[PDB]
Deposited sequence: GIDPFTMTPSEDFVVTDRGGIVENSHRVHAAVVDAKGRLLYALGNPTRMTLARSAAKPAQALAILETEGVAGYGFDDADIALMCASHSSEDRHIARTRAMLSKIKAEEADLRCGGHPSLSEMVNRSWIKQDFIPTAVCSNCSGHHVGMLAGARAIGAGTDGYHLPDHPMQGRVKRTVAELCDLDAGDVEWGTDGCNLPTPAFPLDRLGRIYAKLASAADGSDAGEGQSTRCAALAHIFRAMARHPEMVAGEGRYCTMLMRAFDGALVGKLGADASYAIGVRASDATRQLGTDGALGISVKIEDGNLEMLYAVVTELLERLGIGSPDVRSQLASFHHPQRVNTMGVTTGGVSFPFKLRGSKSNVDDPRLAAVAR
């Protein structure tokens, strides 16, 4: 019965010959520039570890640290501070360039190597028996930013990654401020790169990216801006102009931002979160808001292939982009289900229902 559909039924499902294989619960929030909730799937206020979808907010703490401007970080450097890069050689090279700009060494990094986020890079590493190091971390440009901030204020580079360090005090404050949350409403764990990483309600992730895109609109319009809005507009512009620094070739974030060519930024969080800040457009206005928009997504079970499918389907349902823009993401939207002899064995479907109904139909966030 379609007249009693509920948030708890918001799934992305794969099939084999029409028989259900796997299904994945979806949570999504679409918010305006003040964080007002416009559309939802699942539980839009789910307490969620943002993971690297929080890196642009952490990068604002770096950019607002007195003295950092003196180092001459350029837009590509700042995109790398916002990144989960593929450890391509240009990412490793830019990390070494940034270390030189602040006169630090790779031994000053407290993040660690891992297998590349790109299969193609990993394949090359395997052939050469290469063991990744700190400078290869997908979060290396962010760790260099944190080192830069520590040096700028005279705090010292030892322990920049620890919560008692002044840089982490600044990060924690800035994240809660961008979310419009009290400190006790943001929880903190330890990330794969060994930095504190925040958790907060999923819609406030959307809220951070609606503020990024709104700042981009204020800047493009020539409006006087606070130092913070100017810094948010700089982050937006850096990500959108250097999206390959944010991820890498073949990566969803890079292909999404190239496709939209300035109209939005997007960023992955590990274990299948996603965030998008959408500049004001005919599409946002048709959706019922006069400003910018933020979108945030979490796949409950952590599946990345399903995340990219769902995010792409969500952009289509919200009317964001053109069929031709979004067709650049078609391999993510409808993942190949082809067996070892080249026969198509099934596919992906999206039995979820965006909600903004009989008044008696309860939408219990689940």
Would you mind checking the deposited sequence against the model and listing the stretches with no C-alpha coordinates?
1-2, 359-363
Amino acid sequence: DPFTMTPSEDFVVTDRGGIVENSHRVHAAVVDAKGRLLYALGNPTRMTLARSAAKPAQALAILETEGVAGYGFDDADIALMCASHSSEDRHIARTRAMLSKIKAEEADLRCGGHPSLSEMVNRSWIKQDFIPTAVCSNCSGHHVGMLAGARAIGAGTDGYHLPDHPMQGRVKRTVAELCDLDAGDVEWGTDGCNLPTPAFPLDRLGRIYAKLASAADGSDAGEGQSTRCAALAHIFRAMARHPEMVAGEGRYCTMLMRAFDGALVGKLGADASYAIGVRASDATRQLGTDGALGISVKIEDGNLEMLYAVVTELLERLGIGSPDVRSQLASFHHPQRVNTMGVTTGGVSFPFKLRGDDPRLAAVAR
From here on, numbers count along this sequence of modelled residues.
Output the stretch having the higher mean C-alpha B factor in the entry; the candidates are 200-208 and 104-112.
104-112
On average, are the C-alpha B-factors higher in 43-51 or in 328-336?
328-336
With respect to the C-alpha temperature factors reported in the PDB entry, which of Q58, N303, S322, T65 ranks highest?
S322
Out of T174, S226, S86, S273, which shows the largest CA B-factor listed in the entry?
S226
Where does the C-alpha B-factor of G277 rank in its chain, lowest, middle or highest third?
lowest
Please place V265 in the lowest, middle or highest third of its chain according to the CA B-factor in the PDB entry.
lowest
Sorting the chain's modelled residues by C-alpha B-factor and splitting them into thirds places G356 in the middle
According to the PDB entry, is the CA B factor of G294 in the bottom, middle or top third of its chain, that is, lowest, middle or highest?
lowest
Of the three thirds of Cα B-factor ranks in this chain, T254 occupies the lowest
